[PDB]
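So you know, we letter chains A, B, ... as the sequences are listed, proteins then strands, and number each from 1. Just so you know, these numbers use all the heavy atoms, side chains as well, and skip hydrogens, waters and symmetry mates.
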Amino acid sequence: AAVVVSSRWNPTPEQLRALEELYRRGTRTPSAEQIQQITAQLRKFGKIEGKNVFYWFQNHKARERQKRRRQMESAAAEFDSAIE
Amino acid sequence: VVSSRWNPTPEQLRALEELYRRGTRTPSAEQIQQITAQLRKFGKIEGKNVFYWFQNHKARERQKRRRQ
DNA sequence: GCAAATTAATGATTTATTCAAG
DNA sequence: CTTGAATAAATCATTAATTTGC
């Protein structure tokens, strides 16, 4: 019987899937009321607060950009090696 | 019995693994051809085998080791 | 011991995404 | 808004491990 305290919010798999689908529908920089409403809904899956949503979308946008940039340095790896 | 799908020779396997440990995870076309060149000393292999091996390895290590 | 049966691994294909040309 | 570039996720398919009954 015991406690564990978190230093960083982590999305539950359900909160994560919800945020990823908000992203697939085109959400990129939620407004303040958007942040609050999203938060109010995702709190049903578990712990989450407004700044967590705010950061999640910033970090996800940046990481997608960086990911997609580093997919470009590969320079058509799949076609040049697998199809021809 | 003859082969329909490639399978790494036990040495190509250790070399592909070493490359993954030292940071090669999403190799480029060029590098892929470089790697394929080297690994054929140890037997049959083509660029498609190398490209898929890194894709599948990376995906399934994510499955095993990533926490969510 | 040995293969047929069944299960686990993994190679190869397909599908759904992403950013950002145009 | 559309779509080119290029996956990585999900899935399909075949091989290797292994289990099983003899």
Less than 4.5 Å apart, any side-chain heavy atom of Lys51(A) and any of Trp56(A)? no

Whole angstrom value for the distance that separates P of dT7(D) from CD of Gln71(A): 7 Å

First and last nt of DNA chain C near chain B, cut-off under 4.0 Å to heavy atoms, 5' to 3', are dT10(C) to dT13(C)

CD of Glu17(B): more than 12 outside heavy atoms within 6.0 angstrom? yes

Nearest-Å distance, CD (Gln63(B)) to P (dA9(D))? 9 Å

Indicate, with a heavy-atom threshold strictly under 4.0 Å, whether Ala77(A) touches base, sugar-phosphate, or nothing. sugar-phosphate

Describe the nucleic acid contact of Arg28(A) in one word from base, sugar-phosphate, nothing, applying a heavy-atom distance below 4.0 Å. sugar-phosphate

Take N1-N3 plus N6-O4 or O6-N4 for Watson-Crick, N1-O2 plus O6-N3 for G-U, both under 3.5 Å. Which runs of 3 or more such pairs involve DNA chain D? C:1-20 with D:3-22

Give the rounded distance in Å between these two atoms: CD1 of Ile32(B) and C1' of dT7(D). 12 Å

For the student: nearest non-hydrogen atoms of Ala29(B) and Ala77(A), plus distance: N-CB, 4.0 Å

Charged tip of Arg14(B) within 45° of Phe42(B) ring normal and under 6.0 Å: yes

Walk me through it: do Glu30(B) and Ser28(B) pass the test side-chain hydrogen bond (donor to acceptor under 3.5 Å, both in side chains)? CA-CA 5 Å; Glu30(B) 183 178 2; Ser28(B) 75; 4.8 Å; no

Side-chain contact test, heavy atoms from C-beta onward, threshold under 4.5 Å: evaluate it for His57(B) versus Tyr20(B) and give yes or no. yes

With the side chain counted from C-beta on, respond yes when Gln41(A) and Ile38(A) share a heavy-atom pair under 4.5 Å apart, and no when they do not. no

Does a side-chain heavy-atom distance below 4.5 Å link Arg70(A) with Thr26(B)? no

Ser74(A) side chain near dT7(D) phosphate (N/O to OP1/OP2, under 4.0 Å): yes

What I'd like to find out is whether the side chain of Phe54(A) reaches to under 4.5 Å of the side chain of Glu49(A), using heavy atoms alone. no

Atom CZ of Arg66(B) and atom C1' of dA8(D) are separated, to the nearest Å, by 12 Å

Nucleic acid contacts of residues 12-21 of chain B, taken as heavy-atom distances under 4.0 Å to DNA chain C: none

Correct closest heavy-atom pair for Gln12(B) and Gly43(B) would be NE2-O, 3.2 Å

Review item, nucleotides 15-18 of chain D N/O atoms under 3.5 Å of protein N/O:
from, atom 1, to, atom 2, distance (Å)
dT15(D), OP1, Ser4(B), N, 3.4

What do you reckon, is CZ of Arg21(B) surrounded by more than 12 foreign heavy atoms closer than 6.0 Å? yes

Establish whether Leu19(A) and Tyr55(A) are linked, either directly or via other cluster members, by ILVMFWY side-chain heavy-atom contacts under 4.5 Å. yes

Which residues pass the salt bridge (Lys or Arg N to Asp or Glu O under 4.0 Å) test with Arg40(B), not counting sequence neighbours? none

Side chain proximity check, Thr36(B) to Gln33(B), heavy atoms < 4.5 angstrom: yes

Does a side-chain N or O of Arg62(B) approach OP1 or OP2 of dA9(D) to a distance below 4.0 Å, or not? yes

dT17(C): by the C1'-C2'-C3'-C4' sign convention (positive north, negative south), the sugar is north

Would you check if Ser3(B) and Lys44(B) make a side-chain contact, meaning some heavy-atom pair closer than 4.5 Å? yes

Any residue in residues 38-61 of chain B with a heavy atom nearer than 4.0 angstrom to DNA chain C? Just list them by number, or reply none. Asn49(B), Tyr52(B), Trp53(B), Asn56(B), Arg60(B)

Should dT18(C) be tagged north or south? The rule is the sign of the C1'-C2'-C3'-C4' torsion. north

Test item: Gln31(B) and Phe54(B) side chains (from C-beta on) under 4.5 Å apart, heavy atoms: no

